[PDB]
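Residue strings, one per chain:
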Amino acid sequence: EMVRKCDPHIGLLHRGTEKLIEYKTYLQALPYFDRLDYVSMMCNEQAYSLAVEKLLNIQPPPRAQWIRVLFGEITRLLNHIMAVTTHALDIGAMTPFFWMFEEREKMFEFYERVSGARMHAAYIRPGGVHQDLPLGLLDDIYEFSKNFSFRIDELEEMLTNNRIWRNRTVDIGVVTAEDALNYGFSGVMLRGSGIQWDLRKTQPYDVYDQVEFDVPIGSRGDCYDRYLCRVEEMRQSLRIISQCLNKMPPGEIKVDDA
Amino acid sequence: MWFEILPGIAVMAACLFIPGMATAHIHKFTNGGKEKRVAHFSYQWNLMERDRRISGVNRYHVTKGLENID
Amino acid sequence: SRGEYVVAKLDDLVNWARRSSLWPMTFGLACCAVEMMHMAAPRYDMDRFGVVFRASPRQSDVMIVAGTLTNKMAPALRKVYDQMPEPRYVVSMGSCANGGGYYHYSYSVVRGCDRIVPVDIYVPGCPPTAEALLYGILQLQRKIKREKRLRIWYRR
Amino acid sequence: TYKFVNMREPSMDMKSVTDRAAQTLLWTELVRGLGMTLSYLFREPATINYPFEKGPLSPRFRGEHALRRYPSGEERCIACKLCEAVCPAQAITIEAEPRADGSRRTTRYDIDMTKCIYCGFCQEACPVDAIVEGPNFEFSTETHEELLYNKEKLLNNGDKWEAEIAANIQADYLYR
Amino acid sequence: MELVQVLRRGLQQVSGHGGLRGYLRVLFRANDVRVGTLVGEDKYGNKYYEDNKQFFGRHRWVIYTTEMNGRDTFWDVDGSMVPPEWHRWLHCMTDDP
Amino acid sequence: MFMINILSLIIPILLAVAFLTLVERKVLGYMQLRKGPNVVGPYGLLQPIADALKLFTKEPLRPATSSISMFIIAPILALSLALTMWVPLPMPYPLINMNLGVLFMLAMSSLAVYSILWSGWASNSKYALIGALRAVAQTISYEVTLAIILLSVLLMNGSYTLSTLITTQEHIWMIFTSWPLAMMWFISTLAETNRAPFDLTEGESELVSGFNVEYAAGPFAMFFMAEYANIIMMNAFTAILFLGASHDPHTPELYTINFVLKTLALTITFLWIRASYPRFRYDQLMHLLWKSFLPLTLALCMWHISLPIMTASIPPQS
Amino acid sequence: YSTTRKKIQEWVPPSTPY
Amino acid sequence: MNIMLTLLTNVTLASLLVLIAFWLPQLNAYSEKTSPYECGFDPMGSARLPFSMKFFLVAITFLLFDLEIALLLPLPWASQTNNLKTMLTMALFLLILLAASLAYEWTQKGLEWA
Ligand SMILES: CCCCCCCCCCCCCCCCC[C@@H](O)O[C@H](CO[C@H](O)CCCCCCCCCCCCCCC)COP(=O)(O)OCC[N+](C)(C)C
Ligand code: SF4
Ligand code: SF4
Ligand code: SF4
C-alpha cells in the first residue's frame, strides 16, 4: 500500500499550443495564454504583454499598470482560493469549498463586469489594457474586499487548527532548500523551504515598486507551511488591493501609439 | 431557509415513530391489555406454565381472580 | 383502463424517474472543469436539481465532457463510455470538444468529442457560462421526458 | 518584508501545558470548527432560483452572435471580410458578391459555434459595427449541424434581439 | 418573535392566492410588484438581495404548447429582447418597457 | 399476527433510510449554504423514491471478470443483517426480549463487515481489493475497543438484557456517570459505520468509491441502503444506551415520542460531522486507536470494574 | 445548408442529332 | 418460532429485491461494457498479491485481543458472586495482561500498523 515509485505521464492534455502560436499574429495569439494556466487567467496575459512590450520598447500609461497589478492580484486570490480549497477537497474536507466558491463567483462577477466574460478575459493587451473599466466598479470592489477577510479567516478556523488536518499534512513532503533550487522550484515551493527569494520584491516589473506588502516565508518545507504561505499571501494580496484602490490615477489606459 | 429542512426531517420521525407504537399496541391488542410478559428465566415461564392451563381458555391473557376459588 | 393508458402512465413514471435525478460523471479535462464546478457552487447548486457528481461510471449515467480532448486521452474516454450502464448519455461542452474549437487544427486534438462517442445535447461556450450549462442540462431533461421506450415497445 | 508563518513555538508554562493537554483530550478546536459549520447553517442560502430567477450579467457580456440592420431596415454588413481576418479560431467564412444595385454584400456569411471561442474580436473589428456579440447566452442544441450558423440564422438572431443589443451598445459604446 | 414570522407566512398564504400551485411549479413564494408585459403573462418582483430581486413567471398557456403547474416550462420561454435586460440586472434600474 | 408485527418493523425503517438520504443531502446542503434537493419535491420530499426508481430501472450489469455467486450474495447479506440487527431493540417494548441482545447487536455488527470483504473480493478489480482490505482493517480495529467499552458501560446496568437498561436509567442517565466511554463509543460508532472522518471504505477521492464501485444498479442500492441502516441503528442504540427517559407503562407511546427525538438528535450530528472534517488516512486511523483510545478504554475499564465494589453499588440483575 | 449557388455550370450535349 | 421467522422474512425480502433488480431492466449486456473498471485504461493484470507483514503483524494482535474480550464478557455476572475478593484480583489481572501484552508490542516496534 506504500508507493515505490510514482511515474507521472503528462501530455494527456497536450493540446499542442506552441506550434499553433507560430502561425498566428501576436494579437491573435494572446487568448492561448488564458487557455494555459486557466485558474490564473490574468497573470498569464500580463506575462505576455510584458514579454512583447520589452521587444516593442513601449511603456503603458500608469493607470493601465495599476489595473494590471490590481487584477493581477484578484487573480492571485483566485488561484489561492482554488488551490487551498481543492487541495482540501482532495483530502475530503468537502465544506470549505462551497464556502469559498461563493466568493470566487463574486470575483467572476468582476471579470464579468469589465471584460464581458466570466473568465478567460482577454483583457490585458500588449499595448496595455483593452476597454476602460466601468465607473460603477471600484466601490463595488471595495465593498467586497472589506468583508472578504472574515471569510478567509473562518476558513482558517476550519483548517489551521483542525489538528486532524495538521496531522495529515505536516511532515510531508519536505524538500531541501538547496535541492529545490537545483530542481528550479518556483514561487511558494521555494518559500516553504525558507529561502528568501521572490520576484515581486526582487525584480519588480510594475507598480510593485509603489506597493508595500509582506512576503510570508515558510520554514519546515512541509505541505503545511506551503498552505500557510497560500493563506498569508492571500491576506497580503488583500493588502495590495487597498493601496491600489487608494492610488488609481486618472489618464488613458491604452498606449497612445496607434 | 433552514426551517425548510423540517419537512424532510419530520417524515423521518413519523416513520421511526411507527414501529415503536406498532409493536407496543399489538402486544396490548393480543394480550388483552396485559402489556405482554417477559420470561427471561425458567421460573417466570413456569408461571406462564401454571397459567394458560388455569384459565379455561388456553390464552392465559385472562387472569381469573378470587372468584375462581368459588 | 386501456392498456395504452397504463403504458402512458408507466412511461411517465420511469422517464420522469430517470430524468428527475440523473448523476453525472465528469471529464473536466481542460479548463472547463472549473465552470462545471460553478454549477455545483452554492450560487447555482446543481444538487437542488437532484444531479450530483458521483465518480465511477458504474454508479453514474450522464457524462459531461468539459474541456479540450487530446489524442492520447481518447482511448480512455472510449473505455469509460463503454463501462457505463444503460441508459447512458453524454454531454459535449464548450467550444472545447464540440469540434476542437480553438485548437481545431493541431495534431493532438481529436476535433469533436463526437468522433468517439454518440453525444446528446451540446452546450456551446468557451467556457460556457455555468448557467448556460444549466440550461443545457434542463434541456437534457426536456429531452429525456420525450423518451418513450414503453409506448414504442408495446406498439412493435 | 519577509514574514515567518509558524516559527512561533508553544510555551512550556504549566498552565499552558495543561491547556494543550486538555485541548487534546477534550477536542477544543474540533468543537470550534464544528460550531463554525453550525454557524453557517443559520445564514441565508445563496442559491438563485434559476430558471425563475437569473444571474447578474454585464452590458459588456459576450454570447450568441447576430448580424444586425440599420434602422432603415437595410443590413449593415459590407463584407470588409476582416472578421475572417482577425478571428483566431477562424470560425468565420465569407464569400461576397456584388449587389445588383452594385453595393458590396455577402453571399454566404457563416460561422460555426463549434470553433468560435467567444473572444469578441469580431465585436471589436467591424468598422460598420455590423456583427455583434449578442447578450443572449443560451442556445444549447441537440445536433451539431445546427451550431454551424448560416447568414440567415444570424440575421434572425439580429431580428429577435435588436432592441436588446442596441440597448447594450447604447449603454457601452462610450467606454469603447 | 416567531409569531410575527408565521403571521408573515399567513399573509403570504393569502396574498399569493392558491400558493399551492405556485409552489407546485414556481417553487414559492413571497412575490412582490407583479409588473408584467411580454408575449404572455410574465411577472416581476423586488425584495432583499442582489440576486433574489426581479423574479419571473412562465405563461400558463406559454408560446404554444401549454406550460403551467406540473408542466415543462422553457428557460428560453422568457420574452425575447427587452425583459432580460431588466432581468439580468443589465439595467434593473431601467424598468421593463 | 406476529408476522404483521415484523412487517411493521421492516417497512417503516426502509422508508426511514430513504428519507434519511434526503435529509442527508438537505442538512449537509445547508452547511454548505447551498440549498439541498428542492425542485422535485416541492420540498424535495418526493425525491428518494424517484432516486430509487432511477436505480432499479437502470441496468445492473454482471461483470465479466467477477465470479457471480459471491457478487450477488454479498448485498443480500448486507441488507439482511442491517435489518436483523433491529429486532431486539426496546422501543420501549422490544420486538424480542433477548436475555442478552446487546451481545447480539455486537454479533450482527461483526458479521456486517465480512460482507464488505466479499464485496471487494469478488469484484475482482484492483481498487476493489485494496479498498476492501483496508476497510476490513479499520473495521476490526475498531470493533475490539468497541466491544470493550460497551462492556464497561454494561457492568453497571446489571446485565445484557436491553429492557433493564431502561430501568437503570430512571433518573440521572448513564452518560453523566461515564461520558468519556460515551465519547469513545460515539467515535467507534463513527468509524464502525464507516462515516465522516473515518471515511476510508468508500475511499471517495482516495479510491474512487472504494469497494462499492463495480456494483452497478440494484446491489449498489443495497449496500447504500444497508449502510444507512447501520448508521441510524447505531444511533438509536447509543440513544437508548446513554440517554434514559421517563417511562409510564400505561402510555408507552409517550416514551417512543421522546426516543425518536433523542436518537434523531444523534443521527443529524453525523451529518454535521460530515460537513466538518477531512478524513484520517489509513495510518492515523489505526494509530489513534491502538495508541490512544485503547489504553484509556482499559484504564476506564478497570475503573468501572472497581467502582461497584468500592461504592458497594452492585446492580441488581442476577 | 449549402449557400452561394453552384460553380462550374458545365455545358451539356444538344438534343438534336448530329 | 419467533427469531427464525424474522430471519426468513428478511432474507426473502432481500432476495426479492435482488430478483427485481436483475430481471427487470431487460437490456443489452455486452463485452467491454462488462470489462472490469480501471479508471479508463485497461488493467495491467488481474488482482494478485498485495502482500504486507504490516497486515498480520497487527491483525493477529486483533485476534488475540478478541480472544481476551471473550473472557471479559462473563464479568458482569461474575460481579455478583458471593466472594469478590477472590474474584477482584482476577478481574483486574487479565486486564493488566491485556494491557501488558499491548505494552510489550507498544515498544518492540511491533506495532507499526498501517
Ligand atoms: C475519578 C476520575 C475518573 C476519570 C476522570 C478523568 C477523565 C479522563 C480524561 C477524559 C479523556 C477522554 C477523551 C477521549 C479520548 C481523546 C483522545 C483522542 O482525541 O485522541 C486524539 C485523536 O483525536 C480524535 O481522533 C478526534 C477525532 C474525532 C472526530 C469526531 C469529533 C467529535 C465532536 C464532539 C462530539 C462530542 C459529543 C459527546 C459530548 C458529551 C489523538 O491525540 P494526538 O494523536 O496526540 O493528537 C491529536 C489531538 N486532537 C485530539 C486534537 C486531534
Ligand atoms: S472552451 Fe474555452 S476553456 Fe474550455 S477548452 Fe475550449 S477554449 Fe479552453
Ligand atoms: S466586419 Fe462585420 S461587416 Fe465588415 S465585413 Fe467583417 S463581418 Fe461583414
Ligand atoms: S467570436 Fe471571438 S473568436 Fe469567434 S469569431 Fe467572433 S471574435 Fe473570432
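In the PDB header, cryo-EM is given as the technique by which the entry was determined, and 4.0 Å as its resolution.

In terms of helices and strands, chain B carries two helices and zero strands. In terms of overall dimensions, chain B is more spread out than a globule: its C-alpha atoms have a radius of gyration of 20 Å, far above the 11 Å expected for 70 residues. Its C-alpha atoms give chain B principal-axis dimensions of about 70 × 25 × 15 Å. Put simply, chain B shows about 4,600 Å² of open surface, and 63% of that area lies on carbon and sulfur atoms. Taking the 9 positively charged and 6 negatively charged side chains of chain B as two groups, their mean positions are separated by 7 Å.

Taken together, 13 residues surround ligand 3, and among them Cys77, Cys80, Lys81, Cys83 and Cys126 of chain D come closest. Taken together, the residues that form the shell around ligand 3 break down as 12 nonpolar, no polar and one charged.

What follows concerns the side chain of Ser106 of chain C. Relative to the helices and strands, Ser106 of chain C resides in the loop between β3 (91-93) and β4 (122-123). Separated by 3.0 Å, the side chain of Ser106 of chain C and the backbone oxygen of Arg15 of chain A make a polar contact. Side-chain polar atoms of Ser106 of chain C contact the backbone nitrogen of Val109 of chain C, separated by 3.5 Å.

So, about the packing of aromatic side chains. Residue and element names in this part refer to chain A. Scanning the model with the defined rule gives 36 aromatic pairs over all chains in all. Between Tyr224 and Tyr227, the ring centres sit 6.3 Å apart and the planes meet at 20°, which makes this aromatic pair stacked. Of this pair, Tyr224 and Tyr227 both sit in helix α11 (residues 223-246), three residues apart, which is roughly one turn of that helix. The buried category is assigned to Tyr224, whose relative accessible area is 4%. Taken together through their ring pairs, the aromatic side chains of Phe71, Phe108, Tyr111 and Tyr123 make up a single cluster.

Time to look at the interface of chain H and chain F. Residue-level contacts link 56 residues of chain H with 61 residues of chain F. Where chain H packs against chain F, one counts one salt bridge. Across the contact surface, chain H and chain F share eight residue pairs in polar contact. Every element with two or more residues in the side of chain H that touches chain F is listed here: α1 (3-22), α2 (53-72), α3 (75-78) and α4 (84-107) of chain H.

Before going further, it helps to examine empty space enclosed by the protein. The calculated volume of the largest cavity comes to roughly 230 Å³. Considering the residues around the largest cavity, the lining is formed by 22 residues, among which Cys126, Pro127 and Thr129 of chain C together with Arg62 and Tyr118 of chain D are closest to the centre. Considered class by class, the residues forming the lining of the largest cavity number 12 nonpolar, five polar and five charged. Volume-wise, the second largest cavity comes out at about 180 Å³. Lining the second largest cavity are 17 residues, and of these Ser115, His130 and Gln131 of chain A together with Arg62 and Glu124 of chain D sit closest to its centre. At the level of elements, α5 (95-115) of chain A together with α4 (121-125) of chain D are the ones that each hand at least two residues to the lining of the second largest cavity. For the lining of the second largest cavity, the element with the highest residue contribution is α4 of chain D, accounting for three residues. Of the residues in the lining of the second largest cavity, the class split is six nonpolar, five polar and six charged.

On to the site of ligand 2. For ligand 2, the full set of nearby residues is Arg35 and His120 of chain A together with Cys31, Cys32, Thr68, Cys96, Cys126 and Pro127 of chain C. Near ligand 2, the surrounding residues belong to chains A and C. Residues belonging to the shell around ligand 2 are distributed by class as follows: five nonpolar, two polar and one charged.

Once that is clear, we can look at helix α1 (residues 6-31) of chain B. If you check α1 of chain B, its first and last C-alpha atoms are 37 Å apart, about what 26 residues at 1.5 Å a residue would give, namely 38 Å. Residue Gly32 of chain B follows α1 of chain B closely and has a positive phi angle near 75°.

Residues and elements named next belong to chain A. It is at 8 Å that the axes of helix α2 (residues 26-34) and helix α3 (residues 41-56) come closest, and there the two elements cross at 145°. Between α2 and α3 lies a crossing of right-handed hand. Together, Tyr26, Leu30, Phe33 and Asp34 of α2 and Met41, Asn44, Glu45, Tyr48 and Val52 of α3 make up the contact between the two elements. The class makeup of the residues in the contact of α2 with α3 is six nonpolar, one polar and two charged.

Residue and element names in this part refer to chain C. With parallel pairing, the four strands of this open sheet are ordered in space as β1-β2-β3-β4. The strands lining the two open edges of the sheet, one partner per strand, are β1 (25-26) and β4. Pairing geometry for β1 and strand β2 (residues 63-65), over two bridges, is parallel. Bridging across to β2, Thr26 finds its partner in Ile64.

Here the focus is the nonpolar core. In terms of nonpolar packing, the biggest core is built from 131 residues, with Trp86, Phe198, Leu241, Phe242, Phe259 and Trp290 of chain F touching the most fellow members. Looking at this core element by element, the count peaks at 17 residues for helix α9 (residues 218-242) of chain F. Excluding its chain neighbours within four sequence positions, the residues that come into contact with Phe242 of chain F are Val153, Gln169, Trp173, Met174, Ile175, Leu181, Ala182 and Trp185 of chain F. Counting 81 residues, the second-largest nonpolar core is a separate cluster that includes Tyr32 of chain A, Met93 and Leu134 of chain C together with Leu67 of chain D.

On to the pattern of salt bridges, then. All chains considered together, the criterion is met by 49 salt bridges over all chains. Where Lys3 of chain D meets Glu232 of chain A, a salt bridge forms, and the shortest distance between an N and an O atom there is 2.3 Å. A residue pair is termed interchain when its members come from two chains, as with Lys3 of chain D in strand β1 (residues 3-4) and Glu232 of chain A in helix α11. Judged by its relative accessible area of 25%, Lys3 of chain D is partly exposed. The closest approach of N and O atoms between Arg60 of chain D and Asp172 of chain D, which form a salt bridge, is 3.7 Å. Residue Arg60 of chain D is found in the loop between α2 (28-41) and α3 (82-86), and its partner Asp172 of chain D is found in helix α7 (residues 162-172); the two are separated by 112 residues along the sequence. For the pair shown, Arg60 of chain D and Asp172 of chain D are each scored as buried. Through salt bridges with shared partners, a single network forms among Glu73, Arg76, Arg191, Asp198, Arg200 and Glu233 of chain A.

We now examine the interface of chain C and chain F. Facing the 27 residues of chain C at the interface are 29 residues of chain F. Ranked by residues supplied to the side of chain C that touches chain F, first place goes to helix α1 (residues 3-20) of chain C with six residues. In the side of chain C that touches chain F, the residues fall into 13 nonpolar, six polar and eight charged.

Parameters and conventions
Along each chain, numbering proceeds from 1 in written sequence order. Entry numbering may differ, and residues lacking coordinates are not shown. The naming scheme follows written order: chains are lettered A onward, ligands numbered 1 onward. A larger assembly contains the chains displayed, and the values given here are confined to that displayed part. Remark: hydrogens and water are excluded; side-chain values derive from all non-hydrogen atoms of the structure. Residues with missing side-chain atoms are left out of burial classes, side-chain pairs and their counts. The helix and strand labels rest on DSSP assignments: H or I over at least four residues marks a helix, E over at least two residues marks a strand, and numbering proceeds from the N terminus. Radius of gyration here is computed from C-alpha atoms only, and the compact-globule reference equals 2.2 Å multiplied by the residue count raised to the power 0.38. Accessibility throughout is a Shrake-Rupley quantity obtained with a 1.4 Å probe, and a residue counts as covered only by protein chains that appear here. Positive residues here are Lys and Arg, negative ones are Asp and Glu, while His and the chain termini are left out of the count. Charge coordinates come from a single atom per side chain, which is NZ of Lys, CZ of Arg, CG of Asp or CD of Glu. Residues are labelled near a given molecule or strand when at least one of their non-hydrogen atoms is within 4 Å of it. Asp, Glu, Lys and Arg are counted as charged, while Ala, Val, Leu, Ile, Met, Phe, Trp, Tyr, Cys and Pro are counted as nonpolar; the rest, among them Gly, fall into the polar class. Think of a polar contact as two N or O atoms within 3.5 Å of one another; within protein, one of them needs to be a possible hydrogen donor and the other a possible acceptor, and neighboring residues in sequence only count if both atoms come from side chains. Ring pairs are drawn from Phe, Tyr and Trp, using the six-membered ring of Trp, whenever the two centres fall within 6.5 Å, and their geometry is named by plane angle: stacked under 30 degrees, edge-to-face over 60, tilted for the rest. Classification of residues uses two cut-offs on accessible area relative to the type maximum, computed with a 1.4 Å probe and protein chains only: under 20% is buried, over 50% is exposed, and between them is partly exposed. Two residues qualify as a contact provided that any one of their heavy atoms is within 4.5 Å of a heavy atom in the partner residue. Between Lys or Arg on one side and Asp or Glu on the other, a salt bridge is scored when a side-chain nitrogen of the former is within 4 Å of a carboxyl oxygen of the latter. Cavities and pockets were defined on a 1 Å grid built over protein atoms only: a cavity is a set of grid points that admits a 1.4 Å probe from which the probe cannot escape, a pocket is an open set flanked by protein on both sides within 12 Å along at least five of seven lines, and lining residues are those with an atom within 4 Å of any such point. Grid points are joined across faces, edges and corners, and a volume is the space filled by probe spheres set on the points. Multiply 1.5 Å by the residue count of a helix minus one, and that product is the helix's expected span. The axes are straight lines fitted to the C-alpha atoms, using for helices just the contacting stretch, and the angles between their N-to-C directions are given from 0 to 180°. Each helix crossing is assigned a hand: it is left-handed if the near helix lies turned anticlockwise from the far helix by less than a right angle, otherwise right-handed if that turn is clockwise. In this analysis, strands are considered paired if DSSP registers two or more bridges between them. By convention a nonpolar core is built from buried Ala, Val, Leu, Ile, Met, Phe, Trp, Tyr and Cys residues, the set being connected through side-chain atoms within 4.5 Å.

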